[PDB]
Amino acid sequence: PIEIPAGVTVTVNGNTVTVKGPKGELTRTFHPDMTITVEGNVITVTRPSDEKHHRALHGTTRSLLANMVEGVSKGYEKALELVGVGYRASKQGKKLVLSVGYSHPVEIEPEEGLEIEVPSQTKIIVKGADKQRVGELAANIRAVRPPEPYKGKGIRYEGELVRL
Amino acid sequence: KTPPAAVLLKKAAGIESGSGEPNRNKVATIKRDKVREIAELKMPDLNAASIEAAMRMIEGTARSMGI
Amino acid sequence: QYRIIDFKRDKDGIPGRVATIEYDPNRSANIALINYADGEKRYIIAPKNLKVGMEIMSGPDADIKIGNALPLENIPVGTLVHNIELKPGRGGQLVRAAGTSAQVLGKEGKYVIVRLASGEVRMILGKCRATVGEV
Amino acid sequence: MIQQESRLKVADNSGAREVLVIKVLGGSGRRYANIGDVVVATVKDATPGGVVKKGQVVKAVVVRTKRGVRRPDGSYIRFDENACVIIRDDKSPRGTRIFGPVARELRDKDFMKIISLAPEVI
RNA sequence: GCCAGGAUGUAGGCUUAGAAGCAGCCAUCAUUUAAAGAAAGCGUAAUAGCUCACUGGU
RNA sequence: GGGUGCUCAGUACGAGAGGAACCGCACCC
C-alpha cells in the first residue's frame, strides 16, 4: 500500500483519484481493471487476477500513485540549462522569455498549477505539484531548441549528457 | 609511503637493476642485518604484525627481483 | 509501194538503159529502173557503181559489165557476181540483193566453181546465170 | 518570340557578334525567352582571333527584345532588336565596351556591369 | 537482484620518455579486516574513473 | 506538400581554398 502522509487528502471515485496536499492537487484516472481503495491511512491497489499483464499493471498503478503522493507533499521540479553564446532566459510576468538564436524570442506561459523560475540567465526551473505535468512542460521547453551535435548549443536538461 | 621495497633493496643490495631472478640472481646481501633494517624503515607502510613478518614481505620482494 | 524486181534477167539480146537508181526499203538495197529497146520496163537490184545512163544486156553475148547477166560459163574467172542461179531459168536464188557478191574461181566441163562471200565454195552448172557486180 | 534557332545580336565586346538560340534555361517546358532569361546558344559570328569563337556554345542573358515587357505601373517597353550579353559565368561582360542603347529591364536580372557600361539605358 | 564496503606499505621491484593493479620482465609478501588479488576486465599519455573477485545487508 | 524568386549572409564556420545551415518574405500550383 501507499502511505498517506500528513496534510494529504486522497479521494477515490471509481477509476479517478484526487490527491491534495501543501504543494498542490492532482487528479488522475487509472486502468479500469485496477481497484484503488483508501484503507484508513494507506492507499491499496488490488488487481483482478495473477496473470502477467495485471501484475505489470499493478506495479505501474502503484508507482503513479506514489509519485502523485510525493508531488503534493514534497512541492516537484525539473531544471534545464541554456548553452550557447547569447542564449538567455528571463522572466517577464508569468511568462518565460527565451532568446535562443532565432530572429525573435520565444515566450512560454505555464498553465495553471505550474511555475517556471529563472534564477540565472542560463538556468530554468519548472515546478509544481504534479510530477507528470512538470516533466511534460520541461520537455516542451527543451523542444523549443534541443542541443545541436556539433557544439551542444540549445536547451538541455540540467544533467543531460550531450557529448559534442 | 617511503622508498619502495624495490629501491630500498636496490640501494641495499648495491645495484641499479633487477633481473631474470630465478636464473641470474643479481646480488647477495645480509638478511638479519639488512633485510631487517629495511623491514624497520618500511614498517609505517607495512600492515605487518611482527618485524619477522615485516621481513618475510621484504625478503619476498627481493626474490621477485632476484637478490 | 513495193516494186517488182526482175531476178530472172531473161530479156536476152534486147538492150536496156539504166533509167534511174533508187532505194528500196523493202530490200534495204538500191534498185534500178531499166528501159528496154522494145518498150518493156523492169527493175533490178542495182549493183555497186552502176549509174544512170549505162547500158545493160543479158545472155551469152552480153558484155562483161556490172549489171549484165549471163550464164556462168560465159563469165571470166575472177569476176564478182551476185543473184546466182542454181537452176537454169529459175532465176537467181543466191545473193539476190543482200550480202556480198560471190566470185568465179574456175570453170570445169559443164560446171563453174564459185566461192561465196562466206568462204563457201560451190560448183554450179555453167548454164545457170549470174549478174556481174557487187551487191 | 525568341525561341530555338532565333538569332540574337550581342550587346557586348566579348568578341561574339551574333548567336543562335539552342534552348531557354529555366526548366522543362520553357520555350520562349524575354528580358532577363538565360539562353544556351552557339556563336554564329565572331571577330577573328578573339576569346570567343564561331561554333562555340555559350550562355547569354537577353537584355533587349522586340516583344518587350509590360510593367506594374502601366507602361510597356520594347526595343528595335533582340540582343543578349554573354557572359562570363558571373554575368560580367567579356568585352570592355557596350555599343548602342540597352533596355533597363537588364537591371532587374542583375546585369549591373552591362548597365554601367552602356552608352544609354532606355 | 538491489544497497554499502572492495582498503593500508605501495606508484612492489625492474624496466621504460611515461610504466601507479591492468606495454613488458621478475615476483606476488605483509598489514588492518566481516571482507578486499601486488588485481580479472574497461578506461588514461601516464595518472584518474569504472567494474570484477571477496565481505556485509536485504 | 510542391515550383520559383529571394532573404537569412559573404553572417556562423574554416589555417586557407572556401562558405553554410536553422529562422523569414513574395508570386504560383
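Let me begin by describing the structure that accompanies this report. (Residues numbered from 1 in each chain as written, not as in the entry; some residues may be left out. Chains lettered and ligands numbered in written order. Heavy atoms only, no water.)

The next thing to look at is the environment of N35 of chain C. All names here are of chain C. Along the chain, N35 falls in strand 2 (residues 29-36). Classification of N35 as partly exposed rests on a relative accessible area of 27%. Once the C-alpha coordinates of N35 and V114 are considered, the two residues, 79 residues apart in sequence, prove to be 31 Å apart. The contact partners of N35, leaving out residues within four places of it in the chain, are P15, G16, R17, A19, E40 and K41. (Helix = DSSP H or I, 4+ residues; strand = E, 2+ residues; numbered from the N terminus. Buried < 20%, exposed > 50% of the residue type's maximum accessible area, 1.4 Å probe, protein only. Contact = heavy atoms within 4.5 Å.)

Attention now moves to the sheet that holds strand 5 (residues 35-39) of chain A. Hydrogen bonds along the backbone pair up the strands of a sheet, which may run parallel or antiparallel. Residue and element names in this part refer to chain A. Reading across from one edge, 1-6-5 is the order of the 3 strands in this open sheet, with antiparallel pairing throughout. A strand with exactly one partner marks an edge of an open sheet, and here the two such strands are strand 1 (2-3) and strand 5. As paired strands, strand 1 and strand 6 (residues 42-46) are joined by 2 bridges and run antiparallel to one another. In the sheet register, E3 faces strand 6, and the bridge partner there is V42. Docked against the sheet, helix 1 (residues 52-73) engages strand 1, strand 5 and strand 6, running at close to 160° with respect to strand 6. (Pairing = 2+ DSSP bridges. Axes fitted to C-alpha atoms, helices over the stretch in contact; angles between N-to-C directions.)

Here we come to the protein's contact with RNA strand E. Residues and elements named next belong to chain B. The full set close to RNA strand E counts 27 residues, and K1, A6, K10, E21 and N47 are the nearest of them. By atom count, sugar and phosphate contribute 69% of the portion of RNA strand E lying within 4 Å of the protein. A6 has a polar backbone atom sitting 3.4 Å from a sugar or linking oxygen of RNA strand E. Of all the secondary-structure elements, those providing two or more residues to the surface near RNA strand E are helix 1 (5-13) and helix 3 (51-65). Per-element tally for the surface near RNA strand E: the top contributor is helix 3, with 8 residues. Its residues assigned to classes, the surface near RNA strand E comprises 11 nonpolar, 8 polar and 8 charged. (Near = heavy atom within 4 Å. Polar contact = N/O pair within 3.5 Å; in protein donor to acceptor, adjacent residues only side chain to side chain. Nonpolar A, V, L, I, M, F, W, Y, C, P; charged D, E, K, R; others polar.)

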